[PDB]
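Right, one structure below, let's go through it.
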Amino acid sequence: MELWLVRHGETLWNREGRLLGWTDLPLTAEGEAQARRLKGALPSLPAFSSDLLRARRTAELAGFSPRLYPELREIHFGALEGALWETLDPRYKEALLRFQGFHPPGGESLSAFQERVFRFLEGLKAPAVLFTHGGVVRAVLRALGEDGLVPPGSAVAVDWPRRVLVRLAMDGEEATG
């Protein structure tokens with residue numbers, strides 16, 4: 001079934017490389033711009049959003065009035081909230097890269113995280129737009145056999161539970177050398 005997964009716009013931490021889970025950080029100015037670029041571009045389907053500020057704001061700027069669902073939140077990183085990827089315990093770094101067998105100390109296990117995400121998707125009865133987080137999008141895409149590495153402010157449409165249909169603003173920042 002057609003589901004749109006939108007990764008909310010950039011936050012300071014997304015830019016600096018610090019883990020962001022339940023910390024309620026706001027969108028940067030550019031993050032808001034990324035959300036505004038989605039208005040009129042995404043289909044006018046029922047919208048559901050993570051209840052975290054950055055997700056709600058992305059939905060709003062994109063022109064939707066979503067109902068708020070905690071099940072769409074990013075994984076709770078616990079003690080890892082705000083931790084720099086640089087100095088992260090190698091064990092957690094490797095766990096996150098493979099996106100498997102990982103339980104952030106003090107937070108949610110990756111298994112409980114993915115369970116609430118997939119359970120939420122199974123409750124959908126018609127095409128919809130989901131304003132959520134990087135970890136949620138990655139979980140969904142990985143289940144479909146794809147790496148699930150999308151940039152902030154991007155949207156991906158999938159034929160759940162089969163394959164990707166569309167990639168919006170998926171390409172990264174242009175590179176100069």
Side-chain angles (χ1 to χ4, degrees), residues 3-28 31 34-35 47-59 62 66-124 128-158 160-161 164 167 169-170 172:
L3 284 182
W4 287 76
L5 303 171
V6 181
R7 186 187 175 176
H8 65 66
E10 140 190 279
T11 74
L12 187 57
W13 281 7
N14 286 136
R15 196 169 169 83
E16 294 168 331
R18 286 175 182 288
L19 297 181
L20 177 67
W22 287 10
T23 298
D24 223 0
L25 285 192
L27 294 171
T28 64
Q34 285 158 343
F48 300 104
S49 169
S50 156
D51 68 305
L52 291 171
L53 173 63
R54 56 193 187 275
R56 298 186 275 108
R57 178 67 179 163
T58 296
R67 260 179 305 186
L68 308 185
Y69 290 96
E71 303 98 312
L72 290 173
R73 289 182 181 181
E74 173 62 80
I75 185 171
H76 186 192
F77 280 116
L80 299 185
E81 288 291 330
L84 201 65
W85 175 267
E86 174 196 53
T87 54
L88 206 57
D89 188 311
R91 172 152 165 276
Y92 303 141
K93 285 181 59 163
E94 302 173 43
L96 272 173
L97 285 197
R98 301 193 232 281
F99 208 72
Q100 68 181 66
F102 176 37
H103 187 164
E108 277 186 302
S109 69
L110 193 61
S111 60
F113 165 66
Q114 292 191 270
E115 199 191 319
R116 61 178 172 74
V117 171
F118 292 128
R119 185 181 249 77
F120 184 81
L121 296 188
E122 250 62 66
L124 296 179
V129 178
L130 307 183
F131 289 92
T132 178
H133 303 263
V136 174
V137 175
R138 184 172 183 193
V140 176
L141 292 175
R142 271 197 58 55
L144 296 181
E146 314 213 345
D147 186 22
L149 293 196
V150 304
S154 58
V156 61
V158 305
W160 183 258
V164 174
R167 291 189 229 262
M170 205 45 86

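Positions are given from 1, in the same order as the sequence printed here. Scope of the values below: all heavy atoms of this structure, side chains included, with no hydrogens, waters or symmetry mates.
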Here the pair of heavy atoms bringing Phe113 nearest to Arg73 is CE1-O, 3.4 Å
Keeping [X] on the side-chain end and [Y] on the backbone end, is there a donor-acceptor pair under 3.5 Å?
| X | Y | answer |
| --- | --- | --- |
| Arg7 | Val150 | yes |
| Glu81 | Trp22 | yes |
| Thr23 | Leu25 | no |
| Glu115 | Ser111 | no |
| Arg138 | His133 | no |
| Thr132 | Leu72 | yes |

Does the side chain of [X] reach to within under 4.5 Å of the side chain of [Y], using non-hydrogen atoms?
| X | Y | result |
| --- | --- | --- |
| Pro104 | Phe77 | yes |
| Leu130 | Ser49 | no |
| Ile75 | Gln114 | no |
| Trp85 | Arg18 | no |

* Asked: Any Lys/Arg nitrogen of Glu71 or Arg116 sitting under 4.0 Å from an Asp/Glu carboxylate oxygen of the other?
  -> no
Contacts of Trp4 meeting ring pair (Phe, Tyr, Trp, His ring centres under 6.0 Å) (sequence neighbours excluded), chain-then-number -> none
Only pairs under 3.5 Å count here: list side-chain donor-acceptor contacts from residues 88-98, not counting sequence neighbours, and write none if there are none.
residue, atom, partner, partner atom, Å
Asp89, OD1, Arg91, N, 3.0
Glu94, OE1, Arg98, NH2, 3.4

Sequence neighbours excluded, the answer for side-chain contact (heavy atoms from CB on, under 4.5 Å) partners of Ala112 is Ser109
Distance col, row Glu74:CD vs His8:NE2, nearest 0.5 angstrom, shows 7.0 Å
> So, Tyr69 versus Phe120, ring centres under 6.0 angstrom or not?
Replying inline: yes
